[PDB]
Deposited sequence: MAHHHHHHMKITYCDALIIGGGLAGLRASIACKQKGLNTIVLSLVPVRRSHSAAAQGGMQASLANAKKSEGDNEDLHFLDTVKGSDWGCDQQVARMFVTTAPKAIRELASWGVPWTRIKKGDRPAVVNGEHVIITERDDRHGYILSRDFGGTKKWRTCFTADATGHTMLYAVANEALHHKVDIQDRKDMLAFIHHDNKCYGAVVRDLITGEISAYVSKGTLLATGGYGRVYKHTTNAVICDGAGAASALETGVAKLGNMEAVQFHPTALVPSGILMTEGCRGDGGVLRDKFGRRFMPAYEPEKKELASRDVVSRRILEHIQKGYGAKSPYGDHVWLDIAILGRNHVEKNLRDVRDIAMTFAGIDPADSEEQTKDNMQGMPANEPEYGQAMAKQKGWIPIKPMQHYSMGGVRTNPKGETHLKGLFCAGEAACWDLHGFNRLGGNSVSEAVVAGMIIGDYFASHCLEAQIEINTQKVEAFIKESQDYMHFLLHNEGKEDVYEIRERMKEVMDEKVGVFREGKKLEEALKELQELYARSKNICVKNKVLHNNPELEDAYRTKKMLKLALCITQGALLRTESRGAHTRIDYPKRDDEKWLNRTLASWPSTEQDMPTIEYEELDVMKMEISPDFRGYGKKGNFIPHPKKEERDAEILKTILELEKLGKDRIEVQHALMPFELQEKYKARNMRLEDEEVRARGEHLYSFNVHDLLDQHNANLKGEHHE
């Protein structure tokens, strides 16, 4: 029974896990990263506003402030580690720094379960993917940084390891909780059929070549939020205006209208991806056919004229891309299980609410690794009572017994039939557009796949190097997430961000300004326990209002909205008349907590030019409330 002891244990070798591991070693911690793959701007007030609106007011606004205050420092730190700022190789630069700090990075170690006792986490029980050996890693603190759970869906951009096993492992402690599992982002420009993200100044076209987005979204067009553009693309396809293909209807991404040399220099990544997988050069504006133009409706001017198909158009359609939900943390990144932290897409921090802002893709995992990695490192420095060695061995023995059970039980169920059908149910009935009756059908079928999954038996009967064994214990975890995703979507009778209910189309800030909490405290539960956190409007820097894109007048106002808005407005006026700057006004509206070195003022090149034109004030960037005041 092999037990390895360390101070700081990190699960997940992506940007967030590796960046956090550097923060641990900077504090002198013995730090082990269990990786599953081997090693090879806008000013901050506007950034915050865009993040909050982008979340459809589902985010924790303090966390959004922590993020945007720290982001510019992530960019400066990355560039000092040699990232060319065009990629702002990021995983290489961060991996290289972690090895410079002598982080112990292991691969082919796969976590099966968290070690826990008395509501404290003491590490992980781990399976070796090659030898099948089960071992324990004992630690003062554990950080989960395993990404999202997109592989629960059938169509996903996510890599294969993004199945949410880590989140499920936290769920199965009975103590950690999952937040907003129903908040699943479907990204509009996934390549058909690979699912490679094609995300930039291009335009979308239907089968006839029409620029349809401006009619759906006048203010923002193709640059509406990702949850909005995905819904519009599916509305337009539903009308029958998609391009037929062997993989279903899709629309076109026209990057060729920006000219060949713009595409080849400023967008070489997309050009290389299109040619290698789709056999398409997206810089080529040359006409492929006029046939597509035929048959265009003559009464739909708002979609404009029909353009002739060009060889360089990319076939795209919405697919699952990002998991807003995840393991629920406080702002420091600690879960309800003391000593278990979680950072990045694996968490519900909650930075993103019901839709991740497209601009926060680049920096999110590094920033999370900085902030939470540092809070995580501080926790690991504190003295704590140890767990008895016997308790550890019993966690090891439990996973050993579980492996034998998966190989040798009387069940006749095949892991792949169950997994395939789960992914289909999620894609058809828990996707972009959801409906009560249909969510009910999904849950029932998921319920019975879950009962059948208890009878899964691995046909390949070896303990070592066995992909079917891995898939069995991953799929059994995935079905619990699927039940959490679906029950939360069913309960939430509103439309917020990426969660759209056809039967409840309005955003409800009176009754659903909250966060879904799923837990699993009992082994004998076959369904999650559901709770909520109510969000406190009176502590919001910006009260919930209109997003600026998508459906207009589509929210039920929170009862206290007007009282908070008058309080916000009086605060801005009083302090700005007294000469207070944007930092002091922000702090009066909504204190937030962040380490000194990350809350430090971000200097900007044009600071002197903004203050000289007298546009450095809080009200210059956050002014919706002030416009209605100065109107009267």
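If you line the structure up with the deposited chain, the stretches without a C-alpha atom are 1-8, 49-70, 119-166, 278-282, 716-722.
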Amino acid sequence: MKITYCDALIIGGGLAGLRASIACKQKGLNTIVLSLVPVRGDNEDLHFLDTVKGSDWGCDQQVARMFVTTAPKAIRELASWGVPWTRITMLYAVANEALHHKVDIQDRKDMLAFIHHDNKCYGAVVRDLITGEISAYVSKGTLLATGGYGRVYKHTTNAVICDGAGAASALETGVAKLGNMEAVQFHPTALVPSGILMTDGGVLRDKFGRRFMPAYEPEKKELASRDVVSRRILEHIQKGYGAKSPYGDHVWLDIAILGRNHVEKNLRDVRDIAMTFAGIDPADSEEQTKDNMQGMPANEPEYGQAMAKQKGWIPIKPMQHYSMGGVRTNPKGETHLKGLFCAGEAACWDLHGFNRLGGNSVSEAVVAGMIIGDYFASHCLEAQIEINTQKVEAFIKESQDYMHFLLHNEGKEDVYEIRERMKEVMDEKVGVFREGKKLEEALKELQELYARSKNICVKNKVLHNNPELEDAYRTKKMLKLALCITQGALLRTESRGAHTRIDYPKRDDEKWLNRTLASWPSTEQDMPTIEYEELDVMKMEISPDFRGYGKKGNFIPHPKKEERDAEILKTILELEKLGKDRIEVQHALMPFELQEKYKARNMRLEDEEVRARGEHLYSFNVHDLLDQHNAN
From here on, numbers count along this sequence of modelled residues.
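In this crystal structure, the stretch out of 368-376 and 121-129 whose C-alpha atoms carry the higher mean B factor is 121-129. As the entry records it, the average C-alpha temperature factor is higher for 205-213, out of 146-154 and 205-213. Based on the entry's C-alpha B-factors, the most elevated value among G325, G553, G339, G164 belongs to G553. The entry assigns its greatest Cα B factor, within the set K220, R507, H187, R501, to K220.
In the deposited entry, the Cα temperature factor of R613 places it in the highest third of its chain's modelled residues.
For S619, the recorded CA B-factor ranks within the middle third of the chain. Only modelled residues enter the ranking. Sort the modelled residues of the chain by CA B factor and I255 lands in the highest third. Ranked within its chain, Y241 lands in the highest third, by CA B factor from the PDB record. Ranked by C-alpha B-factor against the other modelled residues of its chain, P544 falls in the lowest third.
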